[PDB]
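All chains are named by letter (A, B, ...) in the order of the sequence lines, taking the proteins before the strands, and each is independently numbered beginning at 1.
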Amino acid sequence: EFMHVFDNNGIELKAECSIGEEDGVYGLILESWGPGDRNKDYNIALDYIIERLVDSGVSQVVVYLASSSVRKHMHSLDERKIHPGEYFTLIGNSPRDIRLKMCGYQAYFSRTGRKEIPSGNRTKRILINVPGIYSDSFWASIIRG
DNA sequence: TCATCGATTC
DNA sequence: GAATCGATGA
């Protein structure tokens, strides 16, 4: 029922995802890692996604916190946007370093709202949007590799 | 049973 | 500072 991210050799990663419209935004949902081994390839998969997005000519995305807890308690979509600006930039560093920065922002969320000091898990359910992209074919080629 | 992120280990 | 574990409440 879930799709998955595949590595550069075409092997399926432990990283569930899905493509579609959620809360009015079209894009890729990456499921959370945990407990134990559930989606344990989250970071690897996310590095591949960033790398392939950059390769396809995408330089900026919008990323929203999409956990059940945050969707329930934070009704504003603008507040679920994990990064302070309108967009998050994918170029200017390695896919890994870009990912570290992207996921660092996830640590500013608790179950019920934002924190002052960031802490905790950084492998949460997230929605990634590429402005102007409304089609599953584009996202399909990103996760397929 | 289950996804949540705080807590612990790296 | 970040990867991984696993206690927790719905």
Side-chain angles (χ1 to χ4, degrees), chain A residues 1-56 58-130 133-134 136 138-145:
Chain A
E1 63 172 334
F2 282 106
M3 296 176 174
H4 301 80
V5 180
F6 287 74
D7 75 14
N8 282 354
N9 298 318
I11 310 311
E12 191 179 306
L13 297 164
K14 299 298 182 186
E16 296 168 332
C17 60
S18 69
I19 300 165
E21 177 268 300
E22 171 162 309
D23 297 326
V25 176
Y26 196 91
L28 183 69
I29 297 276
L30 185 65
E31 296 294 306
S32 63
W33 168 8
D37 285 334
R38 165 164 176 281
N39 299 313
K40 71 160 184 177
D41 291 330
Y42 182 106
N43 289 327
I44 294 163
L46 185 47
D47 289 348
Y48 283 128
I49 289 160
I50 289 160
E51 184 189 4
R52 297 163 182 175
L53 284 168
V54 170
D55 259 289
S56 74
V58 176
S59 70
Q60 299 185 315
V61 295
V62 192
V63 192
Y64 302 94
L65 213 308
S67 74
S68 65
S69 300
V70 169
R71 288 189 67 257
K72 173 184 182 180
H73 290 109
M74 295 186 45
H75 289 222
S76 160
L77 181 66
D78 187 66
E79 284 172 28
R80 302 198 296 270
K81 175 169 64 59
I82 70 176
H83 43 88
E86 189 175 351
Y87 306 109
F88 180 78
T89 301
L90 299 185
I91 61 179
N93 273 121
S94 60
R96 201 220 160 205
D97 290 328
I98 292 293
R99 185 261 294 166
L100 287 171
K101 183 176 167 59
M102 186 192 288
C103 295
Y105 289 126
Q106 297 188 30
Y108 287 90
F109 294 83
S110 69
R111 278 184 178 77
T112 60
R114 285 182 174 273
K115 303 159 182 153
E116 297 297 352
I117 293 172
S119 69
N121 191 263
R122 307 179 185 183
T123 63
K124 300 176 182 170
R125 189 173 184 276
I126 52 165
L127 173 54
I128 304 164
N129 169 263
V130 176
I133 293 282
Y134 301 91
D136 65 334
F138 171 87
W139 283 113
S141 61
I142 297 301
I143 63 181
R144 160 203 315 149

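- Between the side chains of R52(A) and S141(A), not a single donor N or O lies within less than 3.5 Å of an accepting N or O.
- Take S94(A) and apply the side-chain contact (heavy atoms from CB on, under 4.5 Å) test, not counting sequence neighbours, and it matches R96(A), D97(A).
- Listed by chain and number, the residues in a side chain to side chain donor-acceptor pair (under 3.5 Å) with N39(A) are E16(A) (sequence neighbours excluded).
- Every residue was checked against the side-chain contact (heavy atoms from CB on, under 4.5 Å) condition with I117(A), not counting sequence neighbours, and none meets it.
- Residues that satisfy the side chain to side chain donor-acceptor pair (under 3.5 Å) test with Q60(A), not counting sequence neighbours, are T89(A).
- Applying the side chain to side chain donor-acceptor pair (under 3.5 Å) criterion to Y42(A), with sequence neighbours excluded, gives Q106(A).
- Among residue pairs with one or both ends in residues 98-118 of chain A, those qualifying as salt bridge (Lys or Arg N to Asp or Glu O under 4.0 Å) are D47(A)-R99(A); sequence neighbours excluded.
- Evaluation of the side-chain contact (heavy atoms from CB on, under 4.5 Å) rule for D37(A) yields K40(A) as partners, not counting sequence neighbours.
- Not counting sequence neighbours, the partners of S56(A) by the side-chain contact (heavy atoms from CB on, under 4.5 Å) test are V58(A), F138(A), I142(A).
- Looking at which nucleotide of DNA chain C each of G36(A) and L100(A) is closest to, the 5′-most match is held by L100(A).
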Would you give a per-nucleotide map of nucleotides 2-10 of chain B, 5' to 3', where B means the base has a protein non-hydrogen atom under 4.0 Å away, S means only the sugar-phosphate does, and - means neither? -BBBBB---
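- For DNA chain B, no neighbouring residue in residues 87-98 of chain A is found when judged by any heavy atom under 4.0 Å.
- Residues satisfying the salt bridge (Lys or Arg N to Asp or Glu O under 4.0 Å) criterion with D23(A), sequence neighbours excluded, are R71(A), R80(A).
- Taking the 5' to 3' direction, DNA chain C first and last meets chain A under 4.0 angstrom from a heavy atom at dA2(C) to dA7(C).
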